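S.K.: If you scroll down you'll find the structure; I have some questions about it.
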Amino acid sequence: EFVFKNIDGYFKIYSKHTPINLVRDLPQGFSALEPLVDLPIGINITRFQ
Amino acid sequence: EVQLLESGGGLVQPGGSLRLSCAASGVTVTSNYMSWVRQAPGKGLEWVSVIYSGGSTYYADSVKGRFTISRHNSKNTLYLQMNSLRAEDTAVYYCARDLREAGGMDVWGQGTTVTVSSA
Amino acid sequence: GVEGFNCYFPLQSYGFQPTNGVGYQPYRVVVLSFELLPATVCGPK
Amino acid sequence: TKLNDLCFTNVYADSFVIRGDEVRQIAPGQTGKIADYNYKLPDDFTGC
Amino acid sequence: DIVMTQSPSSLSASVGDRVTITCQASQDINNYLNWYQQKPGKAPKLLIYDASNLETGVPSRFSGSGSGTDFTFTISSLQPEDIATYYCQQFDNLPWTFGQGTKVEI
């Protein structure tokens with residue numbers, strides 16, 4: 001899981017790495033996305049490739 | 001083609017305004033070194049002022065605030081208006097295209113004297 | 001590509017020679033220039 | 001004096017080598033040659 | 001600041017005598033002194049730059065040398081055209097003050 005967003009100027013990426021045993025589209029359950037990186041970029045980003 | 005001609009000079013009184021000027025052709029005063037220098041009678045040469053590339057003005061000790069320098073690329077000219085002069089300022093002045101440190105003042109012109117006598 | 005009038009060697013060399021005095025010794029300089037944009041630098045004390 | 005308890009945003013580390021007599025030429029009002037071609041130093045140079 | 005205390009200012013000699021010019025400096029000049037020919041009343045003309053290289057046009061009767069505190073200028077074949085004032089200049093320490101120069105007249 002990756003979260004691509006800018007909050008309060010800081011470009012914050014929260015990621016989550018896990019092994020799975022997948023059976024369908026998305027499982028029914030719960031799992032949080034703990035923070036990994038909070039880069040103080042502080043610019044406006046609108047497009048990505 | 002390339003030429004540095006001199007204009008100005010006379011018998012201005014101390015504290016009296018005068019205009020010396022060096023008109024260049026073939027170079028660019030704004031983005032290259034150029035300098036003005038005096039030579040006192042009976043004394044060796046004395047450095048006066050330089051214009052550099054990048055809007056940085058440097059003067060000598062005695063002409064820090066007494067001369068006013070302004071440059072134009074329309075005719076490639078440098079002007080120094082001198083006010084609040086002193087009697088000692090009588091000397092032969094030159095404008096030179098100094099090229100850093102490879103032999104100082106390799107090229108010479110004529111140079112114009114300035115007499116600041118009260119007569 | 002030739003030397004002469006109005007055509008001098010483009011580069012000049014710093015005068016570092018053994019005969020040079022104390023004041024002409026090579027000084028290496030590192031400059032920390034501070035700019036403001038995200039302030040991750042503070043004081044230890 | 002306040003460097004020990006002051007907040008800074010970002011730094012640029014700029015390294016070079018000059019002559020010994022050129023170190024004292026680094027001063028607002030002093031003359032020199034570094035300020036125009038090798039390193040640009042404003043008269044309000046915010047740095048050390 | 002570098003200032004030169006050159007002892008000779010005006011020396012007189014007969015025709016054909018050697019010309020030896022010594023210019024001492026307060027601090028060390030690093031291969032960075034010049035020798036000119038200025039002539040009576042005329043504008044200075046640069047002959048020796050960077051203390052070791054000769055310029056195209058300078059007569060072979062002129063020689064300049066020095067790397068450090070000591071600097072020497074030598075003229076072996078004395079001529080009436082050599083009646084002039086030879087200057088030593090240091091383009092080394094800002095500000096680049098000029099020298100006084102020794103005047104040789106024969």
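Chain identifiers are assigned as A, B, and so on, following the order in which chains appear in the structure tokens; residues are numbered from 1 within each chain, and ligands are numbered from 1 in order of appearance.
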Please identify all polymer residues within 12 Å of residue E:8, counting only C-alpha atoms, omitting same-chain residues fewer than 4 positions from it, and present them as an MDAnalysis selection string.
M.R.: chainID E and resid 4 12 19:24 85:88 100:104
S.K.: Please provide as a ChimeraX atom specification all residues within 10 Å of residue E:65, with the sequence filter that same-chain residues fewer than 6 positions apart are discarded (counting only C-alpha atoms).
M.R.: /E:31,33-35,48-53,71-74
S.K.: Could you work out which residues of chain D fall inside 6 Å of chain C? Count only C-alpha atoms, and format the result as number ranges by chain.
M.R.: D: 4-21, 46-48
S.K.: Would you mind exporting the chosen residues as a CSV table (one decimal), in the first residue's frame, restricted to C-alpha atoms?
M.R.:
```
chain,number,residue,atom,x,y,z
D,4,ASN,CA,23.7,27.0,19.2
D,5,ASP,CA,19.9,27.6,19.7
D,6,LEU,CA,18.7,28.8,16.3
D,7,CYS,CA,16.5,27.1,13.6
D,8,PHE,CA,17.7,26.8,10.0
D,9,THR,CA,15.7,25.7,7.0
D,10,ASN,CA,18.1,24.3,4.5
D,11,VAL,CA,21.9,24.5,3.9
D,12,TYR,CA,24.1,24.5,0.8
D,13,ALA,CA,27.6,23.1,1.4
D,14,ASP,CA,30.0,24.8,-1.1
D,15,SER,CA,33.6,23.7,-1.0
D,16,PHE,CA,36.6,25.1,-2.9
D,17,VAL,CA,40.3,26.1,-2.4
D,18,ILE,CA,41.6,29.7,-2.5
D,19,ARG,CA,44.8,31.5,-1.6
D,20,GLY,CA,45.7,32.3,2.0
D,21,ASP,CA,45.6,36.0,1.4
D,46,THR,CA,23.0,34.4,5.1
D,47,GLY,CA,25.5,31.7,6.0
D,48,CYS,CA,28.8,30.8,7.6
```
S.K.: Could the residues of chain D within 10 Å of chain E, counting only C-alpha atoms, be given as a ChimeraX atom specification, please?
M.R.: /D:21-22,25,30-33
S.K.: Save the residues we just selected, N, CA, C and O atoms, as a PDB file, in the first residue's frame?
M.R.:
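Output contents, as saved in out_39.pdb:
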```pdb
ATOM      1  N   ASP D  21      45.901  34.623   1.298  1.00  0.00           N
ATOM      2  CA  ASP D  21      45.574  36.039   1.390  1.00  0.00           C
ATOM      3  C   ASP D  21      44.172  36.354   0.890  1.00  0.00           C
ATOM      4  O   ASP D  21      43.674  37.453   1.157  1.00  0.00           O
ATOM      5  N   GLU D  22      43.526  35.431   0.176  1.00  0.00           N
ATOM      6  CA  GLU D  22      42.158  35.648  -0.277  1.00  0.00           C
ATOM      7  C   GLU D  22      41.122  35.367   0.803  1.00  0.00           C
ATOM      8  O   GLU D  22      39.961  35.753   0.634  1.00  0.00           O
ATOM      9  N   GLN D  25      40.180  38.590   2.225  1.00  0.00           N
ATOM     10  CA  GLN D  25      39.426  39.359   1.242  1.00  0.00           C
ATOM     11  C   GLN D  25      37.933  39.065   1.288  1.00  0.00           C
ATOM     12  O   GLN D  25      37.156  39.799   0.668  1.00  0.00           O
ATOM     13  N   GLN D  30      35.450  44.805   1.799  1.00  0.00           N
ATOM     14  CA  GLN D  30      36.791  44.468   1.352  1.00  0.00           C
ATOM     15  C   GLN D  30      36.780  44.115  -0.134  1.00  0.00           C
ATOM     16  O   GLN D  30      35.765  43.690  -0.693  1.00  0.00           O
ATOM     17  N   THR D  31      37.930  44.297  -0.775  1.00  0.00           N
ATOM     18  CA  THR D  31      38.075  44.021  -2.195  1.00  0.00           C
ATOM     19  C   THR D  31      38.494  42.569  -2.414  1.00  0.00           C
ATOM     20  O   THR D  31      38.936  41.874  -1.497  1.00  0.00           O
ATOM     21  N   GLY D  32      38.351  42.112  -3.654  1.00  0.00           N
ATOM     22  CA  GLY D  32      38.710  40.744  -3.979  1.00  0.00           C
ATOM     23  C   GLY D  32      38.275  40.382  -5.386  1.00  0.00           C
ATOM     24  O   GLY D  32      37.920  41.249  -6.186  1.00  0.00           O
ATOM     25  N   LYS D  33      38.313  39.079  -5.668  1.00  0.00           N
ATOM     26  CA  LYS D  33      37.977  38.560  -6.989  1.00  0.00           C
ATOM     27  C   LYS D  33      37.069  37.340  -6.967  1.00  0.00           C
ATOM     28  O   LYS D  33      36.522  36.992  -8.018  1.00  0.00           O
TER      29      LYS D  33
END
```
S.K.: To one decimal in Å, tell me the separation between atom CA of residue B:95 and atom CA of residue B:36.
M.R.: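 These atoms are spaced 4.5 Å apart.
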S.K.: For the interface of chain A with chain C (cut-off 7 Å, counting only C-alpha atoms), please tabulate each contacting residue of chain A alongside its nearest pair of atoms and their separation in Å to one decimal, rows sorted by chain and increasing number, as JSON lines.
M.R.:
```
{"residue": "A:40", "atom": "CA", "partner": "C:38", "partner_atom": "CA", "distance": 4.7}
{"residue": "A:41", "atom": "CA", "partner": "C:38", "partner_atom": "CA", "distance": 6.8}
{"residue": "A:42", "atom": "CA", "partner": "C:38", "partner_atom": "CA", "distance": 6.9}
```
S.K.: Do a neighbour search on residue E:99 at 9 Å with only C-alpha atoms, toss out local chain neighbours closer than 4 positions, and write the hits as JSON, numbers by chain.
M.R.: {"B": [44, 45, 46], "E": [3, 4, 5, 6, 87, 88, 89, 90]}
S.K.: Given the selection you just returned, output its residues as a file containing N, CA, C and O atoms, formatted as a tab-separated table (two decimals), in the first residue's frame.
M.R.:
```
chain	number	residue	atom	x	y	z
B	44	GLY	N	54.82	57.87	-9.50
B	44	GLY	CA	54.42	56.72	-10.28
B	44	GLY	C	52.91	56.61	-10.41
B	44	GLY	O	52.14	57.42	-9.89
B	45	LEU	N	52.49	55.57	-11.12
B	45	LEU	CA	51.08	55.37	-11.42
B	45	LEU	C	50.29	55.07	-10.15
B	45	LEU	O	50.81	54.51	-9.18
B	46	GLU	N	49.01	55.46	-10.16
B	46	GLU	CA	48.11	55.23	-9.05
B	46	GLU	C	46.78	54.69	-9.56
B	46	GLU	O	46.14	55.32	-10.42
E	3	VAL	N	54.17	46.52	-0.42
E	3	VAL	CA	54.84	47.77	-0.75
E	3	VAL	C	56.32	47.48	-0.98
E	3	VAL	O	56.94	46.72	-0.23
E	4	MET	N	56.88	48.08	-2.02
E	4	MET	CA	58.27	47.86	-2.40
E	4	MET	C	59.12	49.05	-2.01
E	4	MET	O	58.78	50.20	-2.32
E	5	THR	N	60.22	48.79	-1.30
E	5	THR	CA	61.18	49.82	-0.93
E	5	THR	C	62.41	49.67	-1.82
E	5	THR	O	63.41	49.05	-1.47
E	6	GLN	N	62.32	50.27	-3.01
E	6	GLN	CA	63.40	50.22	-3.98
E	6	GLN	C	64.38	51.34	-3.70
E	6	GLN	O	64.03	52.52	-3.79
E	87	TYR	N	60.11	50.60	-14.06
E	87	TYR	CA	59.24	50.39	-12.91
E	87	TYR	C	59.10	48.90	-12.63
E	87	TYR	O	59.12	48.07	-13.54
E	88	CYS	N	58.94	48.57	-11.35
E	88	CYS	CA	58.59	47.22	-10.92
E	88	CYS	C	57.19	47.27	-10.33
E	88	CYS	O	56.91	48.07	-9.43
E	89	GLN	N	56.30	46.42	-10.84
E	89	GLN	CA	54.91	46.40	-10.42
E	89	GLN	C	54.53	45.00	-9.94
E	89	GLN	O	54.93	44.00	-10.55
E	90	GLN	N	53.77	44.95	-8.86
E	90	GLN	CA	53.28	43.69	-8.30
E	90	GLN	C	51.77	43.64	-8.46
E	90	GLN	O	51.03	44.37	-7.79
```
S.K.: Name all residues at most 6 Å from residue B:22 (count only C-alpha atoms; drop same-chain ones fewer than 2 positions away) and give them as an MDAnalysis selection string.
M.R.: chainID B and resid 5:6 77:78
S.K.: What does the structure give for the distance between atom CA of residue E:60 and atom CA of residue E:81, in Å to one decimal?
M.R.: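 Straight-line distance from atom CA of residue E:60 to atom CA of residue E:81 works out to 13.7 Å.
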S.K.: I need the chain D residues near chain B as a PDB file with N, CA, C and O atoms, in the first residue's frame; criterion: at most 9 Å, counting only C-alpha atoms.
M.R.:
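Saved as iface.pdb:
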```pdb
ATOM      1  N   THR D  31      37.930  44.297  -0.775  1.00  0.00           N
ATOM      2  CA  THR D  31      38.075  44.021  -2.195  1.00  0.00           C
ATOM      3  C   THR D  31      38.494  42.569  -2.414  1.00  0.00           C
ATOM      4  O   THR D  31      38.936  41.874  -1.497  1.00  0.00           O
ATOM      5  N   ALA D  35      34.154  36.961  -5.566  1.00  0.00           N
ATOM      6  CA  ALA D  35      32.727  37.250  -5.468  1.00  0.00           C
ATOM      7  C   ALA D  35      32.003  37.219  -6.811  1.00  0.00           C
ATOM      8  O   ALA D  35      30.769  37.165  -6.827  1.00  0.00           O
ATOM      9  N   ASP D  36      32.724  37.249  -7.932  1.00  0.00           N
ATOM     10  CA  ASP D  36      32.083  37.400  -9.234  1.00  0.00           C
ATOM     11  C   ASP D  36      32.120  36.160 -10.114  1.00  0.00           C
ATOM     12  O   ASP D  36      31.232  36.000 -10.953  1.00  0.00           O
ATOM     13  N   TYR D  37      33.108  35.279  -9.957  1.00  0.00           N
ATOM     14  CA  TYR D  37      33.285  34.193 -10.919  1.00  0.00           C
ATOM     15  C   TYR D  37      33.320  32.807 -10.287  1.00  0.00           C
ATOM     16  O   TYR D  37      32.834  31.840 -10.884  1.00  0.00           O
TER      17      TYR D  37
END
```
